[PDB]
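Enquirer: The structure under discussion is supplied below as C-alpha cells; questions concerning it will follow.
Protein chains: 4
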Amino acid sequence: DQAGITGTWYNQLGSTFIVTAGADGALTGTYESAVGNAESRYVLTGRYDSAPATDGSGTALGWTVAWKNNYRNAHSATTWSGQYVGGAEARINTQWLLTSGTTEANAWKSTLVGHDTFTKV
Amino acid sequence: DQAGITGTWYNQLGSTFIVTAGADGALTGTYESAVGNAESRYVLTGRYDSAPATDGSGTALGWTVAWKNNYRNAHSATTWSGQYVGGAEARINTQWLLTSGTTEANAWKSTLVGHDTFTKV
Amino acid sequence: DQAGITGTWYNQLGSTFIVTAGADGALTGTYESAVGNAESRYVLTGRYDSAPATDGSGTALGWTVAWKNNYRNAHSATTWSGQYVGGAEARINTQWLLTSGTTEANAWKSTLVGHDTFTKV
Amino acid sequence: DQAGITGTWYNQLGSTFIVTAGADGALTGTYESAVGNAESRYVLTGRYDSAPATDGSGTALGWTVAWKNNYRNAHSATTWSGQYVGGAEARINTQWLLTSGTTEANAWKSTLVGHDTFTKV
Numbered sequence: 001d002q003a004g005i006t007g008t009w010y011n012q013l014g015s016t017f018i019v020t021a022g023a024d025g026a027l028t029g030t031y032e033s034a035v036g037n038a039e040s041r042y043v044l045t046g047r048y049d050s051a052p053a054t055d056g057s058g059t060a061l062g063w064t065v066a067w068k069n070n071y072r073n074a075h076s077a078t079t080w081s082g083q084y085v086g087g088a089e090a091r092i093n094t095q096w097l098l099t100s101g102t103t104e105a106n107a108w109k110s111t112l113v114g115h116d117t118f119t120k121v
Numbered sequence: 001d002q003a004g005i006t007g008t009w010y011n012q013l014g015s016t017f018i019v020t021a022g023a024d025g026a027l028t029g030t031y032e033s034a035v036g037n038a039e040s041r042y043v044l045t046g047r048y049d050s051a052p053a054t055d056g057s058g059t060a061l062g063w064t065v066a067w068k069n070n071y072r073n074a075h076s077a078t079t080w081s082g083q084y085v086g087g088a089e090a091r092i093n094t095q096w097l098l099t100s101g102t103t104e105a106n107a108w109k110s111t112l113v114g115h116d117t118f119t120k121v
Numbered sequence: 001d002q003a004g005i006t007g008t009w010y011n012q013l014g015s016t017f018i019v020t021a022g023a024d025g026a027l028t029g030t031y032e033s034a035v036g037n038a039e040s041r042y043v044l045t046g047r048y049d050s051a052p053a054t055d056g057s058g059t060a061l062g063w064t065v066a067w068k069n070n071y072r073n074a075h076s077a078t079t080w081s082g083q084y085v086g087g088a089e090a091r092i093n094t095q096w097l098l099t100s101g102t103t104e105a106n107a108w109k110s111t112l113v114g115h116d117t118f119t120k121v
Numbered sequence: 001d002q003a004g005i006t007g008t009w010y011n012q013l014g015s016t017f018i019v020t021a022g023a024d025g026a027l028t029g030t031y032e033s034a035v036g037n038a039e040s041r042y043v044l045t046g047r048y049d050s051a052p053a054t055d056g057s058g059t060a061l062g063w064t065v066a067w068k069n070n071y072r073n074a075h076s077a078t079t080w081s082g083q084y085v086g087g088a089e090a091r092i093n094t095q096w097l098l099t100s101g102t103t104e105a106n107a108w109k110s111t112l113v114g115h116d117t118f119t120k121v
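Shown next, in the form of C-alpha cells:
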C-alpha cells in the first residue's frame, strides 16, 4: 500500500495531510490544520505496516506532529493511530491524542482525544 | 531538552524505548515491548517540541511504532502522545493508541488505549 | 433538553439506545449492541447537564453499560462520553471506553476506545 | 464484589469517590474532584459486572458524573471505565473521558482523556 497511502489527504475539518510512504514502513510529510493554534505546514513522521494481511483487513499506521514551525509554537503534539482502507473510496480512519506541555498541577488536563477520517477528495 | 530526552527509557511493563532527539524536533530509535505479539526491536519515529515553554511546563512529544520487524508482524501500530518532565526523577508521561488492521465488520474494536510512564532507571 | 434526549436512538453500527432523561440530570434505559459479545437489552444509567449553556453549545452527557444480562456476561463495561446536539438532525456525538476485567498480566490491553454517533432515525 | 466496591475511594489527585454497589449491578454515590471547575459533591451513577469471572480477572465497571450541582455548572460530563482489583491493596484502575458541551466549531476539542487510580486509603 505504498502507492495507496502516498499523496494528499483531507479530513472532515478541512485539514491537509501530505504523506510519502517508504518501502521500509516510513511515513514522512507535512500537516496543515484547519483548526486550533496552527498556521501553515508542520513536519510529520510516522510508520505503517509495509506487509499487511491479505484477508481483507486494513493497513495499520500512525504519525506524529509537534505543533512547532517557523510561524507558531502551541507546545503540544498530536499522534494519529489508525488504518488505511483501500478501494474506490480510499480512507484513513484514525483516532488521535493531542498532549500539551503542562505544569504538574495541570497534567490531568494535558490530553485531548478525537477521531479524524481522511479521504483523497 | 535534546540531551534530556536522548537515551534509553523503560516503562512500567519493562519495555525499552531507545531514542535520539534531533535539534530539528525529530525523534528516532527503537522500541522493544515486554508484552504482546512482539519480539526484539522495532523502528520508531516521532516529533517533540524543540523550543518548549520556560514557565515550568513539560515538553510535548509523540512517536509511532508499526509492529513489523524481521521476526514478527502484528499488523498494528501504537502511537504514544505525552510530555517529557525533566529533573532528578525525569519522566515521559504518555497515553497511547494501538490500532490493528481490521475488516470493516471488526473496525469498532480496532483500537486499544492505555498509559505508559517511562523512567531512566 | 429532557424532551430532546428522551427516546430511542440508533448508532452507525445499528445499536439501539433507549433512554429517559430525568429533570434531576439522570439517564436511565437500555442498550442493545448490534456487535460484539452481546444479545438483547442491557441496563444503562448515566447523567446529563440539565441546565446547559444558552450560547449554542451542545449538552454534555455520559452513560455506562455493564455487559451482563440474563443471556450473556462479557465481563466488560462501556462508558460513552459525549454531547447532545439538538435541531432538525438531532445527534448524540460520543467517544467511548470499553474495559474488560483482566488478569494483571493482561491489564495493558484491558481497554478499547471508539466513537459512536447516535441519531433519531 | 458488592462489599469490595462499596465505600469511599480516593484517587492520585485527592478526589473522593463515594459509591454503593447494588446486588443488581448498580453504582450510586457522589464524586468530589480535587481539581478543575468543581466544588463539593456531584451525583454519580454507573454499572459493574455483578457476576465476574473466577479466573483471577478484575471486575469491569464504569460511572458518570455531570459537573452540575447546586454550586457550579461546568457544562461537562466525565465517564470512568475500569476494573476493580480486590486484595490487601484493593484498587479501581480507570481511564476516563471528559466531554464539554461545545459549539460545532469547537467540537474537535470537546473531549479530554486521562487515567485515575483509586485506593481505599
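Protein chains in written order, with my numbering: chain A, 1 to 121; chain B, 1 to 121; chain C, 1 to 121; chain D, 1 to 121. We treat Cβ as the ideally placed atom computed from N, Cα and C, and that holds for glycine.
Is the beta carbon of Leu27 of chain A less than 8 Å from the beta carbon of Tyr10 of chain A?
Expert: As a working note, residue 27 of chain A is residue 27 in the first sequence. As a working note, residue 10 of chain A is residue 10 in the first sequence. Their beta carbons are not under 8 Å apart, which means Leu27 of chain A does not touch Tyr10 of chain A by this criterion.
Enquirer: List the DSSP bridge partners of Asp116 of chain D.
Expert: To locate residue 116 of chain D, count along the fourth sequence from 1; it is residue 116. Partner(s): D:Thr94.
Enquirer: Is there at least one Cβ from chain C nearer than 8 Å to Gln95 of chain A's Cβ?
Expert: Position 95 of the first sequence holds residue 95 of chain A. Yes, because at least one Cβ of chain C sits closer than 8 Å to the Cβ of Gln95 of chain A.
Enquirer: Look at the alpha carbon of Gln83 of chain C and the alpha carbon of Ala23 of chain A, and state the distance between them as a whole number of angstroms.
Expert: By one-based count along the third sequence, residue 83 of chain C stands at place 83. By one-based count along the first sequence, residue 23 of chain A stands at place 23. Going from the Cα of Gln83 of chain C to the Cα of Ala23 of chain A covers about 42 Å.
Enquirer: Output yes if chain C places a C-beta closer than 8 Å to the C-beta of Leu44 of chain B; else output no.
Expert: On the second sequence, residue 44 of chain B is found 44 positions in, with the first residue counted as 1. No, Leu44 of chain B lies away from the interface with chain C (no Cβ there is under 8 Å from its Cβ).
Enquirer: Who pairs with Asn73 of chain C in a beta bridge, going by DSSP?
Expert: Start at 1 with the first residue of the third sequence, and residue 73 of chain C comes out as number 73. In the DSSP output, where bridge partners are listed per residue, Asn73 of chain C has C:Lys68.
Enquirer: So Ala105 of chain C is in the beta strand (DSSP E); what residue range does that whole segment cover?
Expert: Residue mapping note: residue 105 of chain C aligns to position 105 of the third sequence, counting from 1. Note, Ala105 of chain C: premise wrong, no beta strand (DSSP E); not H, not E.
Enquirer: Sorted by chain position, which residues of the same chain lie with C-beta nearer than 8 Å to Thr102 of chain D's C-beta, five sequence neighbours on each side aside?
Expert: The residue given as residue 102 of chain D occupies position 102 in the fourth sequence. Excluding sequence neighbours, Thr102 of chain D sits near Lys109, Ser110.
Enquirer: Below 7 Å CB to CB, which residues in the same chain sit around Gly46 of chain D once its five sequence neighbours on both sides are set aside?
Expert: In the fourth sequence, the residue the question calls residue 46 of chain D occupies position 46. Same-chain partners within the cutoff: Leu27, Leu61, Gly62, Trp63, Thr64.
Enquirer: For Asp49 of chain A, go through chain B and note every residue whose CB falls closer than 9 Å to its CB, in chain order.
Expert: Position 49 of the first sequence, counting from 1, holds the residue named residue 49 of chain A. Residues of chain B passing the Cβ test: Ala66, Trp67, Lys68, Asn73, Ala74, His75, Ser76, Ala77, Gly101.
Enquirer: Short of 6 Å in beta carbon distance, which residues of its chain neighbour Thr8 of chain A, apart from the five on each side in sequence? Order them along the chain.
Expert: Within the first sequence, numbered from 1, the residue matching residue 8 of chain A stands at position 8. These residues qualify, in order along the chain: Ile18.
Enquirer: Checking 8 Å against the spacing of the C-beta atoms, do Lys68 of chain A and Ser81 of chain B come in under that value?
Expert: By 1-based counting over the first sequence, the position of residue 68 of chain A is 68. By 1-based counting over the second sequence, the position of residue 81 of chain B is 81. Not in contact: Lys68 of chain A and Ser81 of chain B (Cβ atoms no closer than 8 Å).
Enquirer: Let me know the secondary structure DSSP gives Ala60 of chain D once reduced to three states.
Expert: Counting from 1 along the fourth sequence, the entry for residue 60 of chain D is found at position 60. The answer is strand: DSSP assigns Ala60 of chain D an E or B state.
Enquirer: Checking contacts by CB at 8 Å: is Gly114 of chain D closer than that to chain A?
Expert: Taking the first residue of the fourth sequence as 1, we reach residue 114 of chain D at position 114. With 8 Å as the cut-off, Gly114 of chain D counts as an interface residue toward chain A.
Enquirer: Are the beta-carbon atoms belonging to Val43 of chain B and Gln95 of chain D less than 8 Å from one another?
Expert: For the purposes of this step, residue 43 of chain B is taken as residue 43 along the second sequence, with counting starting at 1. For the purposes of this step, residue 95 of chain D is taken as residue 95 along the fourth sequence, with counting starting at 1. No, the pair does not count as a contact, with Cβ atoms beyond the cut-off.
Enquirer: How is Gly14 of chain B classed by DSSP in three states: helix, strand or coil?
Expert: As a working mapping, residue 14 of chain B is identified with position 14 in the second sequence. Coil at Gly14 of chain B, not helix or strand.
Enquirer: Using only the alpha-carbon positions, how far apart do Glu104 of chain B and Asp55 of chain A sit?
Expert: In the second sequence, residue 104 of chain B corresponds to position 104, counting from 1. In the first sequence, residue 55 of chain A corresponds to position 55, counting from 1. Computed Cα separation, rounded: 12 Å.
Enquirer: Apply the 10 Å Cβ neighbour rule to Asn37 of chain A and answer buried if 16 or more other Cβ atoms are within range, or exposed otherwise.
Expert: As a working note, residue 37 of chain A is residue 37 in the first sequence. With fewer than 16 other Cβ atoms within 10 Å, it is exposed.
Enquirer: Let's see if you can read the secondary structure: which residues bound the alpha helix (DSSP H) around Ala53 of chain D?
Expert: What you label residue 53 of chain D is simply residue 53 of the fourth sequence in a count that begins at 1. Element bounds for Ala53 of chain D: n/a, residue is neither H nor E.
Enquirer: Taking 8 Å as the CB-CB limit, is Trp108 of chain B close to chain C?
Expert: As a working mapping, residue 108 of chain B is identified with position 108 in the second sequence. Yes, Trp108 of chain B counts as interfacial toward chain C.
Enquirer: Let me know the secondary structure DSSP gives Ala3 of chain C once reduced to three states.
Expert: Counting from 1 along the third sequence, the entry for residue 3 of chain C is found at position 3. DSSP places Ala3 of chain C in helix when its eight states are reduced to three.
Enquirer: Just the chain D side, please: which residues come within less than 9 Å of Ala26 of chain C by C-beta, in chain order?
Expert: Translated into the one-based positions of the third sequence, residue 26 of chain C becomes position 26. Ordered by position in chain D, the residues that pass the 9 Å Cβ test against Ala26 of chain C are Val43, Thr45.
Enquirer: Going along chain A, which residues have a C-beta under 8 Å from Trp80 of chain B?
Expert: By 1-based counting over the second sequence, the position of residue 80 of chain B is 80. Here the neighbours are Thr79.
Enquirer: Which one or two residues does DSSP pair with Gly46 of chain A in a beta bridge?
Expert: Looking up residue 46 of chain A in the first sequence gives position 46. DSSP output for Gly46 of chain A lists A:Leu27, A:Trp63 as bridge partner(s).
Enquirer: For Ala34 of chain B, tell me which candidate among B:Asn73, B:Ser15, B:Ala107 has the shortest Cα-Cα distance.
Expert: Looking up residue 34 of chain B in the second sequence gives position 34. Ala34 of chain B has its Cα closest to that of B:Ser15, out of B:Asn73, B:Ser15, B:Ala107.
Enquirer: Can you check whether the C-beta of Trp9 of chain C is within less than 8 Å of a C-beta belonging to chain D?
Expert: Within the third sequence, the letter at position 9 stands for residue 9 of chain C. No - not a single Cβ of chain D is within 8 Å of the one on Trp9 of chain C.
Enquirer: Please classify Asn70 of chain D as buried or exposed, where buried requires at least 16 neighbouring CB atoms within 10 angstroms.
Expert: To locate residue 70 of chain D, count along the fourth sequence from 1; it is residue 70. Looking at its Cβ environment, which holds fewer than 16 other Cβ atoms inside 10 Å, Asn70 of chain D is exposed.
Enquirer: Since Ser100 of chain A sits in a beta bridge, which residues does DSSP pair it with?
Expert: Against the first sequence, residue 100 of chain A aligns to sequence position 100. Paired residue(s): A:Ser76.
Enquirer: Just tell me which of A:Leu98, A:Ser76, A:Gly58, A:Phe118 has its CA closest to the CA of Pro52 of chain B.
Expert: Locating residue 52 of chain B in the second sequence gives position 52, counting from the first residue. The candidate whose alpha carbon is nearest that of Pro52 of chain B is A:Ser76.
Enquirer: Please report the distance separating the alpha-carbon of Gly4 of chain D from that of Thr59 of chain A.
Expert: Walking along the fourth sequence from the start, residue 4 of chain D turns up at place 4. Walking along the first sequence from the start, residue 59 of chain A turns up at place 59. If you take the alpha carbons of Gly4 of chain D and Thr59 of chain A, they lie about 43 Å apart.
Enquirer: Using a C-beta cutoff of 8 Å, does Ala3 of chain C count as contacting chain D?
Expert: As a first step, residue 3 of chain C is located in the third sequence; it is residue number 3 there, counting from the start. So no, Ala3 of chain C is outside the interface.
Enquirer: Using a Cβ cut-off of 8 Å (strictly closer), state whether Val35 of chain D contacts chain A.
Expert: As a first step, residue 35 of chain D is located in the fourth sequence; it is residue number 35 there, counting from the start. Yes - at least one Cβ of chain A is within 8 Å of the one on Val35 of chain D.
Enquirer: Using only the alpha-carbon positions, how far apart do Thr119 of chain B and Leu98 of chain D sit?
Expert: Position 119 of the second sequence holds residue 119 of chain B. Position 98 of the fourth sequence holds residue 98 of chain D. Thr119 of chain B and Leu98 of chain D: Cα-Cα distance of roughly 28 Å.
Enquirer: Report yes or no: is there a C-beta of chain D within less than 8 Å of the C-beta of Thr111 of chain A?
Expert: Along the first sequence, one-based indexing puts residue 111 of chain A at 111. Closer than 8 Å: yes.
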